[PDB]
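These notes concern the structure reproduced below.
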Amino acid sequence: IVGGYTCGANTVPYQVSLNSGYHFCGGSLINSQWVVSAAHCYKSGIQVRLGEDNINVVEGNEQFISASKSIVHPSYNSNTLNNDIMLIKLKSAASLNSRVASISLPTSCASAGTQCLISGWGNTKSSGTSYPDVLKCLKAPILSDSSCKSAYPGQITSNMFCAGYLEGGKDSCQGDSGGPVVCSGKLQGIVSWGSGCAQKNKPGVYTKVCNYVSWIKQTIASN
Ligand SMILES: Cc1ccccc1-c1cc2cc(C(=N)N)ccc2[nH]1
Ligand SMILES: [Ca+2]
């Protein structure tokens with residue numbers, strides 16, 4: 001997260017860290033047994049880490065649970081990142097508490113202008129590299145689809161939306177991928193892609209979760 005702020009320990013209880021010997025992507029807990037992340041974060045040997053703040057220090061509220069199965073969206077296209085969403089099932093149900101909680105799925109899509117909360121352990125520099133140990137936060141508005149498509153001609157599909165600031169300075173970044181974009185208490189987006197980080201006229205691109213609620217619900221119910 002670039003241009004953001006330190007969230008505060010466990011202030012984003014649904015935020016998860018995907019670990020394969022190191023943190024490589026974020027995710028969102030949707031119930032005690034399932035996590036939603038980006039399809040481009042897919043990999044074998046995933047360990048889901050819940051209740052995390054400083055990902056390099058065991059602070060006392062963590063839960064480390066291995067994934068038993070991963071399900072990448074059937075229509076995911078790695079070249080364009082269309083349908084960049086995946087589900088991860090925990091080998092054992094997480095113990096839900098104030099520091100480890102699920103985030104609700106949307107019942108409808110969010111409108112442009114709605115303010116959302118984006119979070120992650122990604123790079124905090126727009127130019128260069130610096131990875132935080134604690135969770136970073138960023139409040140950003142959903143941008144109009146026209147401003148989104150103008151920034152990325154022929155690259156935006158109905159399954160993506162942009163959020164952030166066209167002036168630059170505030171954006172998600174490498175390492176935040178797969179993480180949550182929560183608006184009005186609903187998981188509306190997944191950190192997916194963009195151009196560089198916090199660059200002018202190049203806002204972040206997010207997977208439009210509201211288009212996948214039926215798939216998520218049916219897939220979890222059958223697995
Ligand atoms: C997914 C991917 C695949 C291959 C190269 C780069 C990416 C990429 C670009 C961005 C850009 C942002 C951003 N909000 N600036 C966040 C994450 C992110 N991931
Ligand atoms: Ca920790």
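Side-chain atoms are counted along with the backbone in the values below, which use heavy atoms only and exclude waters and symmetry mates. We count residues from 1, following the sequence as given. Counting starts at 1 for both ligands and their atoms, following the listed order.
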Short list, please: which atoms of ligand 1 are under 4.0 Å from a heavy atom of [X]?
X: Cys197; value: 15 (N)
X: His40; value: 1 (C)
X: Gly204; value: 14 (N)

Q. For atom 1 (C) of ligand 1, is the nearest protein heavy atom closer than 4.0 Å?
A. yes
Q.
Could you check whether atom 13 (C) of ligand 1 has a protein contact, counting only heavy atoms that fall below 4.0 angstrom?
A. yes
Q. Where on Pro203 is there a heavy atom closer than 4.0 Å to ligand 1, on the side chain, on the backbone, on both, or on neither?
A. neither
Q) Heavy atom under 4.0 Å from ligand 1: found in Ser172's side chain, backbone, both, or neither? A) both
Q | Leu166 vs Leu143 side-chain heavy atoms within contact, under 4.5 Å | A | yes
Q.
Within the 4.5 Å heavy-atom criterion, are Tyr14 and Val16 side-chain neighbours or not?
A. no
Q. Relative to atom 15 (N) of ligand 1, which among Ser177, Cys173, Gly196, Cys41 owns the nearest non-hydrogen atom?
A. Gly196
Q) Counting heavy atoms only, which of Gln174, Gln199, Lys170 is nearest atom 19 (N) of ligand 1? A) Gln174
Q. Around atom CZ of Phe24, are there more than 12 heavy atoms of other residues, nucleotides or ligands at under 6.0 Å?
A.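 Check passes, neighbour count above 12.
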Q) Is the number of heavy atoms from other residues, nucleotides or ligands within 6.0 Å of NZ (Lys43) greater than 12? A)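 Yes, because the 6.0 Å sphere around NZ of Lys43 holds more than 12 heavy atoms from other groups.
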Q | Any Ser192 heavy atom less than 4.0 Å to ligand 1 | A |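 The answer is yes: ligand 1 sits under 4.0 Å from a heavy atom of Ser192.
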Q: Work out whether the distance between some heavy atom of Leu81 and some atom of ligand 1 is less than 4.0 Å.
A: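 Per 4.0 Å heavy-atom rule, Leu81 contacts ligand 1.
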(Q) Would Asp171 count as being in polar contact with ligand 1, using the rule that some N or O on each side must be under 3.5 angstrom apart? (A)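 Yes, since at least one N or O of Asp171 sits under 3.5 Å from an N or O of ligand 1.
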**Q.** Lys170 charged N/C atom sitting above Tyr165 aromatic ring, 6.0 Å / 45°
**A.** yes
(Q) Working note: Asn77 + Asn82, criterion side-chain hydrogen bond (donor to acceptor under 3.5 Å, both in side chains); need CA distance, chi angles, decisive distance, verdict. (A) CA-CA 5 Å; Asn77 182 306; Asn82 188 30; over 6 Å; no
Has [X] got a side-chain atom pairing as donor or acceptor with [Y]'s backbone, closer than 3.5 angstrom?
X: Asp176; Y: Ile1; answer: yes
X: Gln63; Y: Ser95; answer: yes
X: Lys202; Y: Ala151; answer: yes

Q: Run through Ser78, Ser177, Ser192 and flag the one making a side-chain hydrogen bond (donor to acceptor under 3.5 Å, both in side chains) with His40.
A: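 Among the candidates, only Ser177 passes.
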Q: Output the atom name for the N/O/S atom of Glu52 with the smallest distance to the Ca ion (ligand 2).
A: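 The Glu52 atom nearest to the Ca ion (ligand 2), restricting to N, O or S, is OE1.
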Q. For the residue pair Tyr152 and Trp193, does the interplanar ring angle fall in the parallel (under 30°), tilted (30 to 60°) or perpendicular (over 60°) class?
A. perpendicular
N/O/S atom of [X] under 3.0 Å from the Ca ion (ligand 2), yes or no?
X: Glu59; value: no
X: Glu62; value: yes
X: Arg49; value: no
X: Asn54; value: yes

Q: Just need the protein heavy atom nearest to atom 11 (C) of ligand 1, so name the residue and atom and give the distance.
A: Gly194 N, 3.1 Å
